[PDB]
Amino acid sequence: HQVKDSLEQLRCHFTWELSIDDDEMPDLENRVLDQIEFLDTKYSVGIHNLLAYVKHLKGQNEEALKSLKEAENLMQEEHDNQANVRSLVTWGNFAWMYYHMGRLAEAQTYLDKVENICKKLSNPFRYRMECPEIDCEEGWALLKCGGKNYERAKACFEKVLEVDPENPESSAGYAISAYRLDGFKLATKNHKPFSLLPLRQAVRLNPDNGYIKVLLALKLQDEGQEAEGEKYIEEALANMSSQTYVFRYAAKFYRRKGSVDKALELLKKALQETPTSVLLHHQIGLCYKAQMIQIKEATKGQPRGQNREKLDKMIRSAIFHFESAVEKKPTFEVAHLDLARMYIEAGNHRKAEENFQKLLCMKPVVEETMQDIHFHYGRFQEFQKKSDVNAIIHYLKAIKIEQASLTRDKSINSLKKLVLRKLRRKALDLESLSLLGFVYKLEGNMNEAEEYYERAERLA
């Protein structure tokens, strides 16, 4: 069992516990292909090795070898024929591939190549190479393979920065990881911008990286500094580096600023390049949603004639794009939520219900998203289905997810309003009395709360 034990010591995709879910594999493959074609970075070894690992997981071992060979061919050019330690990721993935294919003599050849380099560099381990380049490669792999991996990704880049605080590559990976982790918490009470300083430093150290600049812009916009952010949007848009990705985030920036037409123009250009992007399809849908709201506001909710034809175009176009996003990535929870909400605007309550029911069964990486799912389903039950019983159930389920947030507070307020309404129609509704006590208790008004709980008890 010497071979297998040696393979487990290698640092490469096979030993990084990426845990790629089958339902996310088609989207991952498309994102990997998009990145190969459109992300401008110095070394593309990592991304080709991830494509090989994906092909392996698909049962296409011969196709996987092709991607590992391409990774070696490209390394020759990106380092000018010179030796580079990132090759050890490729060689580790060859050893695993050949082991899985039964080409065991070749698997041993690649273990020997790795060992030879670990010796040459005075690495303490025989097969496990300890160098910052490989910590970064582990981090980028994790960062590409979904939100559940982002704490691990950040820690890979942080390990490099603890020894070399001005390392450009790990500064970039740390900042992007941190930005996405901040995104997960953006609606939680008293959230803080942990990623802002990392992004400033990553831009300083990677001055040609437009991708990092547009994330810095968006975090500045989050923090109420939109004009400073817009300067970075403009600098990124003047750069060709990773242009199509720059367009995605500039489009988000302009939509949030209120320039929805500008956002749509950028997204339509980006969709020409990466038409399978679920991020693009969701962003385009949000733009049509924003335009729908603008039409509603100008016509006081009663568009007619051409304005009605325009509203319906916005609704149907948003449904098309949200449906496109969730076809491609069925685990994209918030896109299903936007879709359910847009089916309410289209007057299709059965399709809204269907998507809410799907959402109730999901297990988001971001557990607080289920507050939003219950809250919006509760509102649908209250206002479209005229079911106070089911509205109460789902406002309570939102509240029971204790994390303080904008939506938990809205759920408390919505439950309060519903119960106050019921009590006007029937002041001796014991259930409503107790719920109103519960609401006051959650608000901290302990005397009002016990008053209502007591009143409810007396009746019974």
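All residue numbers refer to positions in the sequence shown, first residue = 1.
Colleague: Looking at the entry, does 397-405 or 38-46 show the higher mean C-alpha B-factor?
Modeller: Stretch with the greater average CA B-factor: 397-405.
Colleague: Going by the B-factors listed in the PDB entry, is the mean over the C-alpha atoms higher for 448-456 or for 18-26?
Modeller: In the deposited entry, the stretch with the higher C-alpha B-factor mean is 448-456.
Colleague: From 383, 99, 254, 194, pick the one with the largest CA B-factor in the entry?
Modeller: Largest recorded C-alpha B-factor: 383.
Colleague: Can you tell me which of 77, 166, 273, 323 has the highest Cα temperature factor in the record?
Modeller: Top of the list by C-alpha B-factor: 77.
Colleague: Would you check the entry's CA temperature factor for residue 309 and let me know if it's in the chain's lowest, middle or highest third?
Modeller: For residue 309, the deposited C-alpha B-factor lands in the highest third.
Colleague: Sort the modelled residues of this chain by their C-alpha B factor and say whether residue 349 lands in the lowest, middle or highest third.
Modeller: Residue 349: CA B-factor falls in the middle third of its chain.
Colleague: When the deposited Cα B-factors of this chain's modelled residues are ordered and cut into thirds, is residue 177 in the lowest, the middle or the highest one?
Modeller: Answer is lowest: the recorded C-alpha B-factor places it there.
Colleague: Check where residue 427 lands among this chain's C-alpha B-factors and tell me if it's the lowest, middle or highest third.
Modeller: Highest third, going by the recorded CA B-factors of the chain.
Colleague: What third of its chain's C-alpha B-factors does residue 31 belong to: lowest, middle or highest?
Modeller: Ranked within chain, residue 31 CA B lands in the lowest tercile.
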